[PDB]
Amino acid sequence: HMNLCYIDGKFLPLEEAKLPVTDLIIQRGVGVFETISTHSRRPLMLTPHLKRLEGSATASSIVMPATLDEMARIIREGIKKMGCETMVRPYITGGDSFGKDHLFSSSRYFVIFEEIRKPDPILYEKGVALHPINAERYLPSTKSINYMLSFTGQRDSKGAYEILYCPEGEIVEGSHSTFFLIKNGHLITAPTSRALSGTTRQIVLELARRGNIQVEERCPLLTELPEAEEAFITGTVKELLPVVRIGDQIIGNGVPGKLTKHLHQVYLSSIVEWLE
């Protein structure tokens, strides 16, 4: 499929788009981004993602190089050009210098558009296995471009779907996901002091509120997994994806659970509410 990069006023073929090696995104990993998905070629949680992008940029001392309205206009135009369900990634770079004011004031920006790659249907029927590691994301409210740990953590993950950040036995989040445990019919998920404030997470808490499902905002523990009924990971692209194994531990009876399948169905039935 055709893939785009919006950069410097133009929607380029993604393979043509290039960034100056002066940019501190390249030299020193100074960059923040979001991942935005579409349903019916409309962006899911567009405003919440763009507010989170500005939040990341501000927390990283980056001055936004475009307004949120302009980032929204570009995203909409690139989706129109794609003419398919799209995964969209707006990037904000450090640019060429850190000023005497302790800000990155010449930030660059670009927006990647790719045909969306949903997890295979079989993964929703089977559920996935997570690989726990003794590590976590620093400043986890900020979605920087530093995802090195998500790949080096796979060195000994032996083909697990995703890495799970379990610093000192406390489950925080996936490398690309919010993590939820189900224990005695209630949700357990790490607080926003430890894990990224997921857009999908924020919708799942709202669905829990609507369904009178109790939510405990505390880290699930690896040692609680034998008492767990179910588990799932959330994000843009993957939606709610059942977790049936973590390390050598089977979750409940090792197939996707009733409350997971329920929350996924309600999510998909309700999803247009959060489209823009």
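The numbering used is simple: start at 1 and walk along the sequence shown.
In the other compared entries of this protein that model both flanking residues, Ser150 has coordinates in every one, well short of a third left out. Taking the PDB entry as given, 224-232 carries the higher mean Cα B factor of the two stretches 224-232 and 66-74. Per the PDB record, of the two stretches 85-93 and 139-147, 139-147 carries the greater mean B-factor over its C-alpha atoms. Each of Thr200, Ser157, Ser106, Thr189 has a CA temperature factor in the record; the biggest one is found at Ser157.
As recorded in the entry, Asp248 carries the highest CA temperature factor of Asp248, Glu54, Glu239, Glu34. Split the chain's modelled residues into thirds by C-alpha temperature factor. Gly174 is in the lowest one. Ranked against the other modelled residues of its chain, the C-alpha B-factor of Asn253 as given in the entry falls in the highest third. Annotation for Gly211: C-alpha temperature factor in the highest third relative to the rest of the modelled chain, per the entry. Remark: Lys261 belongs to the middle third of its chain, ranked by C-alpha B-factor as recorded. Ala17 sits in the middle third of its chain by CA B factor, as recorded in the PDB entry.
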